[PDB]
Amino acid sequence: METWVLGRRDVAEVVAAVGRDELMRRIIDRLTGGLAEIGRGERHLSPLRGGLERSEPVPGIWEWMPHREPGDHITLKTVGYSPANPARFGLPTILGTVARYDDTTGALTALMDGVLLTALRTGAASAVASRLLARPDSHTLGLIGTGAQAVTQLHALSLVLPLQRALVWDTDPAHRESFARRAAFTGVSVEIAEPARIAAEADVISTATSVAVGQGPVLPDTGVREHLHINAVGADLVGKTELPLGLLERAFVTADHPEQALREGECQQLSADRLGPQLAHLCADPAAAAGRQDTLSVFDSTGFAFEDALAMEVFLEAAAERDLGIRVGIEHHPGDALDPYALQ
């Protein structure tokens, strides 16, 4: 028994071989089915994630995210949010890895990058929610925050809605100027637009910013279109929010993970009484979502480990077919199971 490790090169090869659209579509499809299974009581929400706050160089958090498929495997994503990483170190803000363990024995069976996988399933989750809650003829996407997540927000949403235009904003001029180049592969025309213009003109919005605790909202509470759907994607520290309270109180709100959203999502701003069914229940019966397409809706996204497990499976399937990755004996399996010193 050895651990199957996908290098950064292998993850790159999966993308190049499968194609960006096809890979994202596979993850959207797996996520929509898995969420419906939860909504039907065939699968269960992952446990609350845990985390450790860090104050330097700027406030961030490092988290562990487990999910168990009984009798099959356990998934654990370890992921940091370190918003000074791009400017100070040329590293992504979100940095992580995903491990798979055999549920029967505990053995570490696979390990891979979490950076790309996280961005993919986070875009996919927004596409799942927006397919349910945005107008099917949605033409204009708004993006507040044009960092890493914005790229897969636009990509995934462009696969499920007839987007013709993306109105985008970032507080860092260099980050908003570069977004059109990073988004060019989607074919959707990008325009820089200030938040009040995005609020007024967009059919669907994703907010995905590194805004600090207490420094929201990143979108003003002003004229929004009656049918607006928002994916509230930013999530890290307790006390970080992105949307104005008055907008949230007006909206139909659905969370991906209700207990996580109440602690780390926009639902921090609301009472537990106030929320609708969770995304899994809307996937299982979209009748509850159809009648909210033409009114104000918010998908409160925090990310949960089930999404990472499903995305990892897509990557492992593609990598196995192409004989990608290395095998590394990491765990010590003594020749005598009762002798820790029996190094084989």
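What we label the rigid core is the largest C-alpha set whose atoms superpose within 1.5 Å from one form to the other. Residue positions are given as counts along the sequence shown, with the first one as 1.
Between stretches 267-275 and 112-120, the one whose Cα atoms sit farther from the displayed model in 7 other deposited structures of this protein on average is 267-275 (core-aligned, root mean square).
Rigid core fits of the other structures in 7 other deposited structures of this protein place the C-alpha atoms of one stretch farther away on average; of 280-288 and 300-308, that stretch is 280-288.
Between 42-50 and 298-306, the higher mean Cα B-factor belongs to 42-50. Mean CA B-factor, 24-32 versus 289-297: the higher value falls on 289-297. Residue set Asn85, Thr75, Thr254, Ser271: peak C-alpha B-factor at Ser271 (per PDB entry).
When the Cα B-factors of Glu249, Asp102, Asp170, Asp203 are read from the PDB record, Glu249 comes out highest. Among the modelled residues of the chain, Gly234 sits in the lowest third by CA temperature factor in this PDB entry.
In the deposited entry, the Cα temperature factor of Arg225 sits in the top third of values across the chain's modelled residues. For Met65, the recorded CA B-factor ranks within the lowest third of the chain. Only modelled residues enter the ranking. For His332, the recorded CA B-factor ranks within the lowest third of the chain. Only modelled residues enter the ranking.
The PDB entry assigns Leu219 a C-alpha temperature factor belonging to the highest third of its chain's modelled residues.
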